[PDB]
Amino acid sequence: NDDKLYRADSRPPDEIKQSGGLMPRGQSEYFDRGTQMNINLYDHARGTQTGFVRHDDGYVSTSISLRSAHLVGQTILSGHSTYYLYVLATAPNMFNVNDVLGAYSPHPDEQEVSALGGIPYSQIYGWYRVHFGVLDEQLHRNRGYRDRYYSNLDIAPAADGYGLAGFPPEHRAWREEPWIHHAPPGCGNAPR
């Protein structure tokens, strides 16, 4: 569907185009197959937050509603008068952290949707400009944003994510449902 997500980022729109979109930490160009980061949701989910909404271990976090996304960044990225809030079409590279980890979600309340690898510029529908904390309601539409295509897609069934979850090898989940039928090799396993 035509669902949009949110992410209060500081990095300029001009440096995003350059980048290919919004990247996790340690990725600079969106198309490096050989420029590998750690890809982990579990670790991702529980990084602490130095000066950025969660963007570690191969994913970039979104918020499902703005107010939310803005509450979360002028809580963080506070210190900067300037920042942007990017509106983001929904695609199947988006995991509902909660629907993935379930019990084991490091921060439910917080309800994040996460893009594995980052959000390609084309995904980014446009953005808000964040000045003197207070939001500026004027919308900067995004060339590069494909509407036919994106209003046609939604987020990936959680079960796509069960294999990716990333619990330590001897963690309980790997031997519980649903993980037990999705668990990568050497992951918890059959035995123990």
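All residue numbers are counted from 1 along the displayed sequence.
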### Query
With respect to the recorded C-alpha B factors, which stretch has the higher mean value, 129-137 or 44-52?
129-137
### Message
Tell me which stretch has the larger mean Cα B-factor in this entry, 93-101 or 113-121.
### Response
113-121
### Message
Just the C-alpha B-factor column, please: which of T62, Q27, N38, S65 has the biggest number?
### Response
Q27
### Task
From the list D154, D160, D147, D32, select the residue with the highest C-alpha B factor recorded in the entry.
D32
### Message
Using the temperature factors of the C-alpha atoms in this entry, rank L88 within its chain: lowest, middle or highest third.
### Response
lowest
